[PDB]
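Chain nomenclature is as follows: A, B, C, D, E and F, assigned in order of appearance, with residue numbering initiated at 1 for each chain independently.
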Amino acid sequence: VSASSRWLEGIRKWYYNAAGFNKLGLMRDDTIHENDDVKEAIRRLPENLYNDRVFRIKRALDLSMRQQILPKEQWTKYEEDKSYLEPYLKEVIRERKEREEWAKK
Amino acid sequence: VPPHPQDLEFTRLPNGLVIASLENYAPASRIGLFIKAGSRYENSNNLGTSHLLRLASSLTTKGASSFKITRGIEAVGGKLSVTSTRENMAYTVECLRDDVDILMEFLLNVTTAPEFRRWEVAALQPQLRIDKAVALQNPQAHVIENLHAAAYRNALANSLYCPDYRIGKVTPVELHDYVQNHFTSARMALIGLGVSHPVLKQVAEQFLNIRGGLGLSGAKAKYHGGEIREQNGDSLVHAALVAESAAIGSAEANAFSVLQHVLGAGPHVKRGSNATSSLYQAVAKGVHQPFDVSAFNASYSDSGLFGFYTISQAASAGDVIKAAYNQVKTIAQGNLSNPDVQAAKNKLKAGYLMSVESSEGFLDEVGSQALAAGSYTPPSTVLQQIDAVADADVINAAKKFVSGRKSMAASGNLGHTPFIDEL
Amino acid sequence: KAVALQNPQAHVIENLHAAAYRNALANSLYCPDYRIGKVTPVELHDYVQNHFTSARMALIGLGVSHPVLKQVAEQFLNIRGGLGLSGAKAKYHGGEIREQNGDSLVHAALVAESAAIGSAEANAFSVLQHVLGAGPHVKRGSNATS
Amino acid sequence: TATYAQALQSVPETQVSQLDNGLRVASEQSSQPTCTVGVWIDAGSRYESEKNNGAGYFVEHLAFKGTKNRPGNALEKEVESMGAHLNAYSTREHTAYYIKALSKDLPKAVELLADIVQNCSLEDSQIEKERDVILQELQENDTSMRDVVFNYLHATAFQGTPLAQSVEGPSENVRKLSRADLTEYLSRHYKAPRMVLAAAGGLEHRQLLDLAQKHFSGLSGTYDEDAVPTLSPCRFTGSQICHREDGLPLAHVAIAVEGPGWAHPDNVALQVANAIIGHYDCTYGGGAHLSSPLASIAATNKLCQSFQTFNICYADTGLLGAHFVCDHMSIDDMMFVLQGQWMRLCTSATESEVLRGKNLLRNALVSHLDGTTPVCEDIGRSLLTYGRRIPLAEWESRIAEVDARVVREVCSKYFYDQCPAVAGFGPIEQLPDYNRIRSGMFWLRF
Amino acid sequence: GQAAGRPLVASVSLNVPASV
Amino acid sequence: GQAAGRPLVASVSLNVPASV
């Protein structure tokens, strides 16, 4: 909670609220651009996390269609955002870099 | 002349692990790891676990990934193989002399620390439908598996392949439990041909000792007998009639082997008439159609099956089975000639010696002896024991066969095959 | 066959007959899978020719006059003679068939040879059936008298 | 403590001697108790005209059916008196008989072999029975599609020459073969200069030499008159053969080009190149991580059930190519990928794949010769093909000298812009036209 | 020699066809 | 009342669902 850390976290929380995807009930990982690494990582997710991702995205598209947002009570709080997708994508990237490293030798 | 073959070094570590080495000077090296993890150790709620575990040797592990293992094994031209009987599993690695150090790293990573990730295991499920199908192209495999199902009740009844209903239902938890319970120090043996003793000892002490924590014990074989008949409208009828015989590594097992070679165990000559084979000549006197018959023997750590297997057309199946049963009965009553017993003994000795000439056969024999008895027996002692068998013991074995609960299996157009009661 | 074989009772009862008998009554009501596609028109002709004969048939009618049925029978079912195929008597054997499939519940049937229909012993067996309990009579009942 | 080179140097040397009649006796001592002894003969279907084709296979059938001195089925019993395995085979250029037995039976076993290849009685009733059996085998051989396709490849590749003729021969010839023809075949081809007596296991060379002097001195080796059958060069033809049978489930295809021959330096390089292409079967465990691009692509996309590469050698000719079994809707993809890999080898080969192929060839060579039967086979074939057995050290020396440049040059010589021979059997409606296959043998970019 | 006479064994390999 | 009591009967019809 030192000098620069609380200032950095304050700017990150500011930017998080400014981005505004939380107003549609989305999480950060729901907004990532689907490339081959991300399609593979999404493929590896278990059933429950996949189904939650599907319903959150479907509800956000419905809101965007109606040009509405959720009530303020239901916004995604910055501290509760779960990076459910990060470890899978990290493993997929590590595997692809191993393949690329073998192709050089 | 070449250097004299050095003695097979043998050791049993305090944790229960067995390490054996033989330092020849061939260009290649062969290392094997043998575990008591056969299909008999499956209960009824996790059938097919061993079959999937056999095909999961190339998956990701903690030491290295699937890509790294496959590419590294194939880069140095090595070969990795897995084999499984009803009682044992064997992981074998073969390579050149100056490449064992790499491959020894891979093998233990396959064995002492797999991961079994969900997506990887799921992707491997359809393979179980392919491999089994290939194994079922031969009618002998189907008939023998049905015969084991009919003869035994609990332990040795489990097939080598997954049940068709359970394909796709095997989960990583089952595999983790199976490996954690059955892959332990007291149930393992490490055999080497082409590497020194201190290297294997160091490897085993560094890695295979931590795996200890010996778990389950398994059931006991219960013999019941019965019939299984599966009609499928094929050209030729296959059949197999057996009974309880003996346990491996016992005095009566040698008698049953000698009886097997007295009766007949396939041809020794290309397109031969099987003139010395008593069963073939007994059957062929009456039946004037193409057929085939042989003696079947299979010994395990606590029970064994002895009998005979026949292949014959649909009309003539009963004639063939009746003739073979009659011939074994006549042998049981006492009609046996000492020259034929000696000829069978020579056949047994020649077959046993010629089986272990290759590196594969030698490694398999050494591993089986290490797991079963925990000591190495050279060929000369086996030859002496074979010669020690008395000709009356073969008659006793025939009497044990003729007066026991038979177990029959059959396949084909079963319009004329008899039942057990008819024989 | 597939529609029929999603009731487990049909599987069990067919195996029960396969285990009980050596021949004729052991045969299943449904075609073995390996024969699907292999039944020929000649086999159908032979089956009709040697089983659909006058001495093996009975014409029953409700709401029809007797002269009409007698006329139809005399006109058109007189060319079905030629009896034959005495078949074979059913030899009870005994045995057991076990199907490991990991279903939620275990279905089991245990039987012995009892008596031919039309005999006095069959009435005794029917009464024994209803002493032991044949089926339920009350919706969501406890089967008190079973 | 040991090394690869030291291990290669430590193998005992083969010892070869020659009797007066022309027979060659080779042997290799070892410490094992068992042994394998056999006779190889330089006589196959290639030395047969159309009149007497299939004579050698007929004689090979009648070998283990009694002789002058062991009439009837006595000979067979003798083998089974000692628990030995008596086996034989025949090919388009060689024949072989051999026995696996113990060391102690080396005197008796040799005494049997000399009986077989000198005193074929050829009873007429046995001739009729074996004629019926051979007719049954010819009828039943249509079930094996791989062997049918290989026979088609030979027939189309070497049309109009002796190499087109199959080992068993046409069904019409076997119905007319008489005892006169069989005796003439035996009297013409089975002679001491063309035979090799090989052994391997627990034995000593001089004992085998003495036994051979006892039991083989009666063979004639004078080459009576000008009866000296000598091979001639065989013409190769680029062509296609297609047997359309839409009822079958799978299609078998085999494609080949003309090879260098038995005793060419190039062969080793080709054996490296094929090792780069590899092989695949639907039951392999590697999956999509296999080193070979063709195997990985076929595994991921399910292009075929199986494929393999071959290099079959004859005197001054041979076949070099591939064979695959696949679905009827995947032939274009498999042909495209295969020819692309061949062009890749011809135009651009790197060090890493060549090193992998060299290691594969080393391991295969080491593992194949491990026992007694493969060593005896190696001696028997080597003494007829090269005139001497090549040690493994020389094989390592030949293999170690290959690099990317040599592989590129050899592949460009033998594959690039060549007319192949193609054979297809089954539902092969999707197999490309011969012009398309021919045009796939080069690149416009190169 | 088509008749089985010894207990069956299942073989699986990385770069060889499986056999029984 | 799911347990079987009487032997099977197989029904087939031109314009009615089959039954067992």
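One rule holds for everything that comes next: a residue touches a chain if its C-beta (ideal position, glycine included) is under 8 Å from a C-beta of that chain, and two chains touch if they have at least 3 such contacts.
Chains and their UniProt names: A = Cytochrome b-c1 complex subunit 7; B = Cytochrome b-c1 complex subunit 2, mitochondrial; D = Cytochrome b-c1 complex subunit 1, mitochondrial.
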item: Chains in simultaneous contact with subunit D and subunit E; value: B
item: Chain of greatest Cα-centre distance to subunit C; value: A
item: For subunit E placed onto subunit F, the superposition rotation in degrees, Cα atoms, nearest 5; value: 180
item: Maximum centroid distance from subunit B, chain identifier (CA atoms); value: A
item: Chain pair with the higher count of C-beta pairs in contact (B-C, B-E); value: B-E
item: Central subunit by CA centre of mass proxy; value: E
item: CA centroid of subunit A to CA centroid of subunit D, Å; value: 62
item: Cα-centroid distance, subunit E relative to subunit F, in whole angstrom; value: 46
item: Mean-CA-position distance for subunit F and subunit A (Å); value: 56
item: Residues within subunit E bordering two or more other chains; value: 12-16, 18
item: Sites on subunit A at which at least two other chains make contact; value: none
item: Which pairs of chains touch, using the document's own definition; value: A-B, B-C, B-D, B-E, C-F, D-E
item: Subunit B to subunit E touching residues, read off their complex; value: 51, 54-55, 57-58, 70, 73-74, 79-86, 131, 134-135, 138, 140-141, 143-145, 160-161, 240, 260, 265-267, 292-300, 309-311
item: Partner subunit B, residues of subunit E touching it in the complex; value: 1-16, 18, 20
item: Touching residues on subunit E, where the partner in the complex is subunit D; value: 12-18
item: Subunit C - residues contacting subunit F, complex; value: 3-4, 7, 9-10, 12-14, 29-30, 109, 129, 134-136
item: Subunit B partner contacts - residues on subunit A that touch it in the complex; value: 43-44, 46, 95, 98-99, 102
